[PDB]
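Trainee: Pasting protein.txt here (compact mmCIF, N, CA and C atoms):
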# COMPACT_ATOMS: atom_id res chain seq x y z
N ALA A 1 5.02 20.12 8.66
CA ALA A 1 3.85 19.80 9.48
C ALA A 1 2.97 18.79 8.77
N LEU A 2 2.27 17.95 9.53
CA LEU A 2 1.36 16.91 9.03
C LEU A 2 0.47 17.45 7.91
N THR A 3 0.76 17.08 6.67
CA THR A 3 0.04 17.49 5.46
C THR A 3 -0.14 16.24 4.59
N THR A 4 -1.09 16.24 3.65
CA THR A 4 -1.36 15.10 2.77
C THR A 4 -0.98 15.46 1.34
N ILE A 5 -0.32 14.54 0.62
CA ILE A 5 0.10 14.76 -0.77
C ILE A 5 -0.34 13.59 -1.67
N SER A 6 -0.43 13.87 -2.98
CA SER A 6 -0.83 12.94 -4.02
C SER A 6 0.09 11.71 -4.11
N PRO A 7 -0.38 10.60 -4.72
CA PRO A 7 0.41 9.38 -4.85
C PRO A 7 1.65 9.48 -5.75
N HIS A 8 1.88 10.62 -6.39
CA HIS A 8 3.00 10.88 -7.28
C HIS A 8 3.87 12.03 -6.77
N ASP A 9 3.27 12.99 -6.05
CA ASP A 9 3.94 14.16 -5.48
C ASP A 9 5.07 13.73 -4.55
N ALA A 10 4.83 12.67 -3.77
CA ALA A 10 5.81 12.14 -2.84
C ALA A 10 7.14 11.83 -3.53
N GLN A 11 7.09 11.27 -4.75
CA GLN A 11 8.25 10.89 -5.54
C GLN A 11 9.21 12.07 -5.70
N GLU A 12 8.68 13.19 -6.18
CA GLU A 12 9.42 14.42 -6.41
C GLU A 12 9.93 14.96 -5.09
N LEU A 13 9.19 14.82 -3.99
CA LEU A 13 9.67 15.35 -2.72
C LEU A 13 10.90 14.55 -2.30
N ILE A 14 10.86 13.22 -2.42
CA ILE A 14 11.98 12.35 -2.08
C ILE A 14 13.17 12.74 -2.96
N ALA A 15 12.95 12.98 -4.27
CA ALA A 15 14.02 13.37 -5.18
C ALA A 15 14.66 14.68 -4.72
N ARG A 16 13.85 15.67 -4.34
CA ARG A 16 14.35 16.96 -3.87
C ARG A 16 15.16 16.78 -2.58
N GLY A 17 14.83 15.78 -1.76
CA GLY A 17 15.54 15.50 -0.51
C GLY A 17 14.70 14.87 0.60
N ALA A 18 13.40 14.65 0.41
CA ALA A 18 12.52 14.04 1.41
C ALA A 18 12.84 12.54 1.59
N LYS A 19 12.00 11.79 2.30
CA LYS A 19 12.19 10.36 2.52
C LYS A 19 10.85 9.65 2.64
N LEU A 20 10.86 8.32 2.58
CA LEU A 20 9.68 7.48 2.66
C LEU A 20 9.93 6.40 3.71
N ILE A 21 9.13 6.39 4.77
CA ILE A 21 9.24 5.43 5.86
C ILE A 21 8.03 4.50 5.76
N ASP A 22 8.30 3.19 5.80
CA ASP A 22 7.27 2.17 5.72
C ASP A 22 6.88 1.71 7.11
N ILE A 23 5.64 2.01 7.51
CA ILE A 23 5.11 1.67 8.82
C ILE A 23 4.16 0.45 8.79
N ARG A 24 4.16 -0.39 7.74
CA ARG A 24 3.27 -1.55 7.66
C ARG A 24 3.75 -2.69 8.55
N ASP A 25 4.77 -3.45 8.14
CA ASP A 25 5.36 -4.59 8.85
C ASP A 25 6.74 -4.81 8.24
N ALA A 26 7.65 -5.48 8.96
CA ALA A 26 9.00 -5.73 8.45
C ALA A 26 9.01 -6.87 7.43
N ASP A 27 8.28 -7.93 7.74
CA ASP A 27 8.19 -9.13 6.92
C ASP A 27 7.51 -8.85 5.58
N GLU A 28 6.51 -7.96 5.53
CA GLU A 28 5.82 -7.66 4.29
C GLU A 28 6.70 -6.91 3.29
N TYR A 29 7.57 -6.00 3.76
CA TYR A 29 8.43 -5.23 2.88
C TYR A 29 9.52 -6.11 2.25
N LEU A 30 9.88 -7.23 2.89
CA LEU A 30 10.88 -8.17 2.41
C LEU A 30 10.51 -8.68 1.01
N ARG A 31 9.22 -8.95 0.78
CA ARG A 31 8.74 -9.46 -0.50
C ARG A 31 8.77 -8.44 -1.63
N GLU A 32 7.95 -7.41 -1.54
CA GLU A 32 7.82 -6.35 -2.54
C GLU A 32 7.70 -4.98 -1.89
N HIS A 33 8.76 -4.17 -1.98
CA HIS A 33 8.83 -2.83 -1.41
C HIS A 33 9.23 -1.77 -2.42
N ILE A 34 9.39 -0.51 -1.98
CA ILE A 34 9.78 0.62 -2.82
C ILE A 34 11.29 0.86 -2.64
N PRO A 35 12.03 1.19 -3.71
CA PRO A 35 13.47 1.45 -3.63
C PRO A 35 13.81 2.77 -2.92
N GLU A 36 12.95 3.78 -3.06
CA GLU A 36 13.11 5.11 -2.47
C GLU A 36 12.99 5.10 -0.94
N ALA A 37 12.26 4.11 -0.42
CA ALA A 37 12.01 3.92 0.99
C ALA A 37 13.06 3.02 1.62
N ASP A 38 12.98 2.91 2.95
CA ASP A 38 13.87 2.04 3.71
C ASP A 38 12.96 0.98 4.32
N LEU A 39 12.60 1.12 5.60
CA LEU A 39 11.74 0.26 6.39
C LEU A 39 11.81 0.78 7.83
N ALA A 40 10.68 0.88 8.52
CA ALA A 40 10.61 1.34 9.91
C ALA A 40 9.17 1.11 10.40
N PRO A 41 8.80 -0.14 10.73
CA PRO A 41 7.47 -0.45 11.20
C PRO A 41 7.16 0.29 12.49
N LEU A 42 5.87 0.58 12.72
CA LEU A 42 5.40 1.28 13.90
C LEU A 42 5.86 0.55 15.15
N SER A 43 5.93 -0.78 15.10
CA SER A 43 6.36 -1.59 16.22
C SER A 43 7.72 -1.11 16.73
N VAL A 44 8.64 -0.75 15.83
CA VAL A 44 9.99 -0.28 16.17
C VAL A 44 9.93 1.16 16.68
N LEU A 45 9.12 1.99 16.04
CA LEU A 45 8.94 3.40 16.39
C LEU A 45 8.37 3.54 17.80
N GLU A 46 7.35 2.75 18.12
CA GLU A 46 6.72 2.75 19.43
C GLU A 46 7.72 2.31 20.51
N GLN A 47 8.70 1.47 20.15
CA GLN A 47 9.74 0.97 21.04
C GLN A 47 10.95 1.91 21.06
N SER A 48 11.91 1.72 20.16
CA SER A 48 13.14 2.50 20.06
C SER A 48 12.97 3.89 19.44
N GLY A 49 11.99 4.07 18.56
CA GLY A 49 11.79 5.36 17.90
C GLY A 49 12.48 5.35 16.54
N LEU A 50 12.57 6.53 15.93
CA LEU A 50 13.18 6.72 14.62
C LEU A 50 14.72 6.58 14.68
N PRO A 51 15.36 5.84 13.76
CA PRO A 51 16.80 5.67 13.75
C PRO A 51 17.46 6.94 13.20
N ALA A 52 18.72 7.20 13.58
CA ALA A 52 19.48 8.38 13.16
C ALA A 52 19.77 8.48 11.65
N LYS A 53 19.33 7.51 10.84
CA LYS A 53 19.53 7.50 9.39
C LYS A 53 18.24 7.88 8.67
N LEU A 54 17.09 7.51 9.23
CA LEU A 54 15.79 7.79 8.64
C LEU A 54 15.21 9.11 9.15
N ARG A 55 16.08 10.05 9.53
CA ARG A 55 15.72 11.36 10.05
C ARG A 55 16.08 12.50 9.09
N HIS A 56 15.83 12.30 7.79
CA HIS A 56 16.05 13.32 6.77
C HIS A 56 15.22 14.54 7.19
N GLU A 57 15.57 15.71 6.66
CA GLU A 57 14.92 16.98 6.96
C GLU A 57 13.39 16.91 6.84
N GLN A 58 12.88 16.16 5.87
CA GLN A 58 11.45 15.98 5.64
C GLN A 58 11.23 14.54 5.25
N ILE A 59 10.19 13.91 5.77
CA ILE A 59 9.86 12.53 5.48
C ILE A 59 8.36 12.40 5.24
N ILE A 60 7.95 11.26 4.71
CA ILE A 60 6.58 10.93 4.38
C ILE A 60 6.31 9.52 4.91
N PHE A 61 5.07 9.27 5.33
CA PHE A 61 4.61 7.99 5.85
C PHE A 61 3.52 7.44 4.94
N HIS A 62 3.56 6.12 4.71
CA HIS A 62 2.60 5.40 3.89
C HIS A 62 2.34 4.02 4.51
N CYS A 63 1.16 3.46 4.25
CA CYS A 63 0.71 2.15 4.69
C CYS A 63 0.20 1.41 3.45
N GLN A 64 -0.39 0.22 3.62
CA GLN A 64 -0.96 -0.59 2.54
C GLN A 64 -1.92 0.24 1.67
N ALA A 65 -2.82 0.97 2.34
CA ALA A 65 -3.84 1.84 1.80
C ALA A 65 -3.89 3.15 2.60
N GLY A 66 -3.54 3.12 3.89
CA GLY A 66 -3.53 4.33 4.70
C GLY A 66 -4.33 4.32 5.99
N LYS A 67 -4.94 3.20 6.41
CA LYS A 67 -5.74 3.15 7.64
C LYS A 67 -4.94 3.23 8.95
N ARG A 68 -3.61 3.36 8.91
CA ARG A 68 -2.77 3.46 10.10
C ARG A 68 -1.82 4.66 10.09
N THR A 69 -1.72 5.41 9.00
CA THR A 69 -0.86 6.56 8.81
C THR A 69 -1.37 7.79 9.60
N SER A 70 -2.37 8.52 9.08
CA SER A 70 -2.93 9.70 9.76
C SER A 70 -3.43 9.35 11.17
N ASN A 71 -3.82 8.09 11.35
CA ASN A 71 -4.33 7.47 12.58
C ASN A 71 -3.47 7.69 13.83
N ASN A 72 -2.15 7.76 13.66
CA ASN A 72 -1.21 7.97 14.77
C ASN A 72 -0.32 9.18 14.52
N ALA A 73 -0.69 10.02 13.55
CA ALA A 73 0.01 11.23 13.17
C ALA A 73 0.35 12.08 14.40
N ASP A 74 -0.48 12.04 15.44
CA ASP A 74 -0.33 12.75 16.70
C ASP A 74 1.03 12.48 17.31
N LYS A 75 1.32 11.21 17.56
CA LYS A 75 2.56 10.74 18.15
C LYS A 75 3.66 10.61 17.12
N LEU A 76 3.29 10.21 15.90
CA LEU A 76 4.24 10.05 14.80
C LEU A 76 4.90 11.40 14.54
N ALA A 77 4.13 12.50 14.57
CA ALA A 77 4.63 13.87 14.39
C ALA A 77 5.72 14.16 15.44
N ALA A 78 5.60 13.62 16.65
CA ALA A 78 6.57 13.81 17.73
C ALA A 78 7.80 12.94 17.49
N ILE A 79 7.63 11.61 17.43
CA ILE A 79 8.72 10.65 17.23
C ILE A 79 9.60 11.05 16.03
N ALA A 80 8.99 11.47 14.93
CA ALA A 80 9.73 11.85 13.73
C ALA A 80 10.47 13.18 13.85
N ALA A 81 9.95 14.14 14.63
CA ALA A 81 10.58 15.44 14.79
C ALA A 81 11.90 15.32 15.58
N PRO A 82 12.86 16.24 15.37
CA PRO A 82 12.83 17.37 14.44
C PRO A 82 13.05 16.90 13.00
N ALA A 83 12.13 17.30 12.12
CA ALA A 83 11.99 17.08 10.69
C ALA A 83 10.50 17.26 10.38
N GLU A 84 10.13 17.35 9.11
CA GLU A 84 8.74 17.50 8.69
C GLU A 84 8.19 16.12 8.34
N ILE A 85 6.87 15.97 8.45
CA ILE A 85 6.15 14.73 8.20
C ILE A 85 4.91 15.00 7.35
N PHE A 86 4.58 14.07 6.45
CA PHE A 86 3.43 14.13 5.56
C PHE A 86 2.84 12.73 5.42
N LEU A 87 1.55 12.64 5.09
CA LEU A 87 0.83 11.40 4.89
C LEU A 87 0.53 11.20 3.41
N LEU A 88 0.61 9.96 2.97
CA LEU A 88 0.32 9.60 1.59
C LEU A 88 -1.20 9.56 1.39
N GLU A 89 -1.66 9.73 0.15
CA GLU A 89 -3.07 9.73 -0.25
C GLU A 89 -3.70 8.36 0.06
N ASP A 90 -3.36 7.32 -0.71
CA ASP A 90 -3.86 5.94 -0.57
C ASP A 90 -2.71 4.96 -0.33
N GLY A 91 -1.75 5.40 0.49
CA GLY A 91 -0.59 4.58 0.83
C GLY A 91 0.14 4.06 -0.41
N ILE A 92 0.75 2.88 -0.28
CA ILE A 92 1.51 2.21 -1.34
C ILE A 92 0.61 1.79 -2.50
N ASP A 93 -0.68 1.61 -2.25
CA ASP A 93 -1.63 1.24 -3.31
C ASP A 93 -1.54 2.31 -4.40
N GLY A 94 -1.42 3.58 -3.98
CA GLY A 94 -1.28 4.71 -4.88
C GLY A 94 0.07 4.66 -5.61
N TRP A 95 1.14 4.15 -4.97
CA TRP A 95 2.48 4.03 -5.57
C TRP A 95 2.40 3.11 -6.80
N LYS A 96 1.65 2.01 -6.67
CA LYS A 96 1.46 1.05 -7.74
C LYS A 96 0.61 1.66 -8.83
N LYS A 97 -0.49 2.32 -8.47
CA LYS A 97 -1.38 2.97 -9.42
C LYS A 97 -0.62 4.02 -10.24
N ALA A 98 0.26 4.78 -9.59
CA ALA A 98 1.08 5.82 -10.22
C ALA A 98 2.10 5.25 -11.22
N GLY A 99 2.37 3.94 -11.20
CA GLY A 99 3.32 3.30 -12.10
C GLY A 99 4.77 3.52 -11.67
N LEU A 100 4.99 3.86 -10.39
CA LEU A 100 6.31 4.11 -9.84
C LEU A 100 7.07 2.78 -9.68
N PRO A 101 8.40 2.79 -9.52
CA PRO A 101 9.16 1.55 -9.38
C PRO A 101 8.97 0.90 -8.01
N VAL A 102 9.24 -0.40 -7.95
CA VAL A 102 9.18 -1.26 -6.78
C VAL A 102 10.25 -2.34 -6.98
N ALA A 103 10.67 -2.95 -5.89
CA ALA A 103 11.68 -4.00 -5.78
C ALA A 103 11.09 -5.38 -6.09
N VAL A 104 10.21 -5.46 -7.09
CA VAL A 104 9.58 -6.70 -7.52
C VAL A 104 10.52 -7.40 -8.51
N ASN A 105 10.14 -8.59 -8.99
CA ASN A 105 10.93 -9.37 -9.94
C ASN A 105 10.20 -9.56 -11.27
N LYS A 106 8.97 -9.06 -11.40
CA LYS A 106 8.12 -9.14 -12.58
C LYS A 106 7.13 -7.99 -12.59
N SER A 107 6.57 -7.72 -13.76
CA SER A 107 5.56 -6.70 -13.96
C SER A 107 4.22 -7.40 -13.72
N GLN A 108 3.31 -6.78 -12.97
CA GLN A 108 2.00 -7.33 -12.68
C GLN A 108 1.04 -6.17 -12.60
Render the structure in this file as structure tokens.
Mentor:
Amino acid sequence: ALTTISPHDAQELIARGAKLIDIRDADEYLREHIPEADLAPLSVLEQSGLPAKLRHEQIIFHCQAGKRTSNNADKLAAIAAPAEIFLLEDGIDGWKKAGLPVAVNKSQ
């Protein structure tokens, strides 16, 4: 059920078996994204919905900072089900703060 977790807790959940869906934009993830995540912008979800591969038993949603995650949790909770859904603390900004890996080409 829609619950909120720390910027590091998500990592362990994905390791145990959860997932990370990126709802920001498709073009933005092309540059610098997370390896644990895939990609699934809201634009696609609102249209076709969740793909049969990004439907792990439990998943988590994150944005740039989070102004669009909990914001549509109402419908997102439906589109994503059957499976569990959670919201990130400060989106991907927290992923960087946590010192977690990313698909970048340099340290910054």
Trainee: As an exercise, work out the distance from atom N of residue 35 (chain A) to CA of residue 75 (chain A) in Å and give it to one decimal place.
Mentor: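 Computing the Euclidean distance for atom N of residue 35 (chain A) and CA of residue 75 (chain A) yields 25.7 Å.
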Trainee: Find the residue from A:106, A:68, A:16, A:97 that sits nearest to residue 42 (chain A); use only C-alpha atoms when measuring.
Mentor: A:68
Trainee: Rounded to one decimal in Å, what is the spacing between atom C of residue 102 (chain A) and atom N of residue 34 (chain A)?
Mentor: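 Separating atom C of residue 102 (chain A) from atom N of residue 34 (chain A) is a distance of 5.4 Å.
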Trainee: Looking at all atoms listed in the file, which of A:107, A:17, A:88, A:96 is the one that sits closest to residue 63 (chain A)?
Mentor: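 Selected residue with least distance to residue 63 (chain A): A:88.
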Trainee: Please list as number ranges by chain every residue within 8 Å of residue 95 (chain A), counting all atoms listed in the file and excluding residues in the same chain fewer than 5 positions away.
Mentor: A: 6-8, 90, 100-102
Trainee: Calculate how many Å separate CA of residue 69 (chain A) from atom N of residue 103 (chain A), rounding to one decimal.
Mentor: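 Atom-to-atom, CA of residue 69 (chain A) to atom N of residue 103 (chain A), that is 21.0 Å.
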Trainee: So that I can check the secondary structure, give me every residue of chain A assigned helix (DSSP H, G or I) by backbone DSSP, as JSON, numbers by chain.
Mentor: {"A": [9, 10, 11, 12, 13, 14, 15, 16, 26, 27, 28, 29, 30, 31, 42, 43, 44, 45, 46, 47, 70, 71, 72, 73, 74, 75, 76, 77, 78, 79, 80, 91, 92, 93, 94, 95, 96, 97]}
Trainee: For residue 64 (chain A), find every residue with an atom within 7 Å (counting only C-alpha atoms), except residues of its own chain fewer than 2 positions away, and show them as number ranges by chain.
Mentor: A: 24, 66, 91-93
Trainee: May I have the residues from that selection written out with N, CA and C atoms, as a CSV table (one decimal), keeping the file's coordinate frame?
Mentor:
chain,number,residue,atom,x,y,z
A,24,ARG,N,4.2,-0.4,7.7
A,24,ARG,CA,3.3,-1.6,7.7
A,24,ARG,C,3.8,-2.7,8.6
A,66,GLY,N,-3.5,3.1,3.9
A,66,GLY,CA,-3.5,4.3,4.7
A,66,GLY,C,-4.3,4.3,6.0
A,91,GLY,N,-1.8,5.4,0.5
A,91,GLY,CA,-0.6,4.6,0.8
A,91,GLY,C,0.1,4.1,-0.4
A,92,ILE,N,0.8,2.9,-0.3
A,92,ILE,CA,1.5,2.2,-1.3
A,92,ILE,C,0.6,1.8,-2.5
A,93,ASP,N,-0.7,1.6,-2.2
A,93,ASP,CA,-1.6,1.2,-3.3
A,93,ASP,C,-1.5,2.3,-4.4
Trainee: Pick out each residue of region 17-80 of chain A that DSSP on the backbone tags as strand (DSSP E or B); I need them as a PyMOL selection string.
Mentor: chain A and resi 20-22+58-62
Trainee: The residues within 8 Å of (9.8, 0.9, 8.2), using all atoms listed in the file and the coordinates of the file, should be reported as a ChimeraX atom specification; which are they?
Mentor: /A:20-26,37-42,44-45
